[PDB]
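To start, the structure itself, in structure tokens.
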Amino acid sequence: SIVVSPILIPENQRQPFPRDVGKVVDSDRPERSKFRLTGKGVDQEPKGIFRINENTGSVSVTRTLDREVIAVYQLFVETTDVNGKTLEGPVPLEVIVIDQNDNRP
């Protein structure tokens, strides 16, 4: 089953992106299963902000972030087989935009 935990990433972080900021992993889904990531920040606006590594389940950010655009990107993950079928999910994944030495409290 997809195991996940809120990913708290600091806003304003700059390039070079993309960069892994976490890992969604499945406890038992087929070793062939590759993960989908979806939600505001992925395929929902803001689009193309977060992308998970379909195979590793590594959640990666593609650019900087700001807490006023979204305080929490609520993504949704799904385990998919090489058949493209979803065997698990959609499960939710939350990416919260934390500050860094108070970037913008």
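Within each chain, counting starts at residue 1; across the structure tokens, chains are named A, B, ... in the order shown, with ligands numbered 1 upward in that order.
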Residue A:40 surroundings by only C-alpha atoms, 12 Å radius, close-in-sequence under 4 positions cut, as JSON, numbers by chain: {"A": [44, 45, 46, 47, 48, 49, 50, 51, 69, 70, 71, 72, 73, 74, 75, 76, 77, 92, 93, 94, 95, 96]}
Quick one: write out the picked residues with N, CA, C and O atoms as a CSV table (one decimal), in the first residue's frame?
```
chain,number,residue,atom,x,y,z
A,44,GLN,N,-2.5,19.3,-11.6
A,44,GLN,CA,-3.6,20.4,-11.4
A,44,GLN,C,-2.8,21.6,-11.0
A,44,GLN,O,-1.7,21.6,-10.5
A,45,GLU,N,-3.4,22.7,-11.4
A,45,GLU,CA,-2.8,24.0,-11.2
A,45,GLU,C,-2.5,24.2,-9.7
A,45,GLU,O,-3.3,23.9,-8.8
A,46,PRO,N,-1.3,24.7,-9.3
A,46,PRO,CA,-0.2,25.0,-10.3
A,46,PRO,C,0.4,23.8,-11.0
A,46,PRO,O,0.7,22.8,-10.3
A,47,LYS,N,0.4,23.7,-12.3
A,47,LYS,CA,0.8,22.5,-12.9
A,47,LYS,C,2.3,22.3,-13.0
A,47,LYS,O,3.0,23.3,-13.2
A,48,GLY,N,2.8,21.1,-13.0
A,48,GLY,CA,4.2,20.9,-13.2
A,48,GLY,C,5.1,21.5,-12.1
A,48,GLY,O,6.2,22.0,-12.4
A,49,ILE,N,4.6,21.4,-10.9
A,49,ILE,CA,5.4,21.9,-9.7
A,49,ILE,C,6.1,20.7,-9.1
A,49,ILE,O,7.3,20.7,-8.8
A,50,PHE,N,5.3,19.8,-8.8
A,50,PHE,CA,5.9,18.5,-8.2
A,50,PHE,C,5.7,17.4,-9.1
A,50,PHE,O,4.8,17.2,-9.8
A,51,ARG,N,6.7,16.5,-9.1
A,51,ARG,CA,6.6,15.3,-9.9
A,51,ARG,C,7.3,14.2,-9.2
A,51,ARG,O,8.3,14.3,-8.6
A,69,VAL,N,0.8,31.3,-2.9
A,69,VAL,CA,0.2,30.6,-4.0
A,69,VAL,C,-0.6,29.4,-3.5
A,69,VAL,O,-1.8,29.3,-3.7
A,70,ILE,N,0.1,28.6,-2.8
A,70,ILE,CA,-0.5,27.4,-2.2
A,70,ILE,C,0.3,27.2,-0.9
A,70,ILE,O,1.5,27.2,-0.9
A,71,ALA,N,-0.4,27.0,0.2
A,71,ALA,CA,0.3,26.7,1.5
A,71,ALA,C,0.5,25.2,1.6
A,71,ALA,O,1.5,24.7,2.2
A,72,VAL,N,-0.3,24.4,0.9
A,72,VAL,CA,-0.2,23.0,0.9
A,72,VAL,C,-0.5,22.4,-0.5
A,72,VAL,O,-1.7,22.5,-0.9
A,73,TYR,N,0.4,21.9,-1.2
A,73,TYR,CA,0.0,21.2,-2.4
A,73,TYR,C,-0.5,19.9,-2.1
A,73,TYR,O,0.2,19.0,-1.6
A,74,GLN,N,-1.8,19.7,-2.3
A,74,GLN,CA,-2.4,18.4,-2.0
A,74,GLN,C,-2.3,17.6,-3.2
A,74,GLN,O,-3.2,17.7,-4.1
A,75,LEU,N,-1.3,16.7,-3.3
A,75,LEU,CA,-1.2,15.9,-4.5
A,75,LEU,C,-1.9,14.6,-4.2
A,75,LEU,O,-2.3,14.3,-3.1
A,76,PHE,N,-2.0,13.8,-5.2
A,76,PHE,CA,-2.6,12.5,-5.1
A,76,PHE,C,-1.7,11.6,-5.8
A,76,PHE,O,-1.2,11.9,-6.9
A,77,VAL,N,-1.4,10.5,-5.2
A,77,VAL,CA,-0.5,9.5,-5.8
A,77,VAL,C,-1.2,8.2,-6.2
A,77,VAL,O,-2.2,7.9,-5.5
A,92,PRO,N,-3.8,10.4,-1.2
A,92,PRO,CA,-3.4,11.8,-1.1
A,92,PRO,C,-1.9,12.0,-0.6
A,92,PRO,O,-1.5,11.2,0.2
A,93,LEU,N,-1.3,13.0,-1.0
A,93,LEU,CA,0.0,13.4,-0.5
A,93,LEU,C,0.0,14.9,-0.3
A,93,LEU,O,-0.4,15.6,-1.2
A,94,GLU,N,0.5,15.4,0.8
A,94,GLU,CA,0.4,16.9,1.0
A,94,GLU,C,1.8,17.4,1.1
A,94,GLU,O,2.7,16.9,1.8
A,95,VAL,N,2.1,18.4,0.3
A,95,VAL,CA,3.4,19.1,0.4
A,95,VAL,C,3.1,20.5,1.0
A,95,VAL,O,2.5,21.3,0.4
A,96,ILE,N,3.6,20.7,2.2
A,96,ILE,CA,3.4,22.0,2.8
A,96,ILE,C,4.6,22.9,2.5
A,96,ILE,O,5.8,22.5,2.5
```
DSSP says strand (DSSP E or B) for which residues of chain A? Put them as number ranges by chain? A: 2-3, 7-10, 19-23, 25-26, 34-40, 44, 50-52, 58-61, 72-80, 86-98
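Within the 12 Å cut-off around residue A:86, using only C-alpha atoms and omitting residues fewer than 6 positions from it on the same chain, the listed residues are residues 2, 29, 30, 32, 33, 34, 35, 36, 37, 77, 78, 79 and 80 of chain A.
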Quick check, in Å to one decimal: how far apart do atom CA of residue A:52 and atom CA of residue A:39 lie?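 Between atom CA of residue A:52 and atom CA of residue A:39 the gap works out to 11.5 Å.
Among the candidates A:97, A:91, A:1, A:55, the one nearest to residue A:21 when counting only C-alpha atoms is A:97.
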I'd like to know which of A:28, A:102, A:20, A:11 is closest to residue A:61, using only C-alpha atoms.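 Checking each of A:28, A:102, A:20, A:11 against residue A:61, counting only C-alpha atoms, the winner is A:20.
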Of the listed residues A:27, A:42, A:22, A:87, that which approaches residue A:62 most closely, counting only C-alpha atoms: A:42
Nearest residue to residue A:59 from the set A:13, A:19, A:104, A:90 (distances using only C-alpha atoms):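 Checking each candidate against residue A:59, we get A:19 as the closest.
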How far is it from atom CA of residue A:98 to atom CA of residue A:10, in Å with one decimal? 4.3 Å
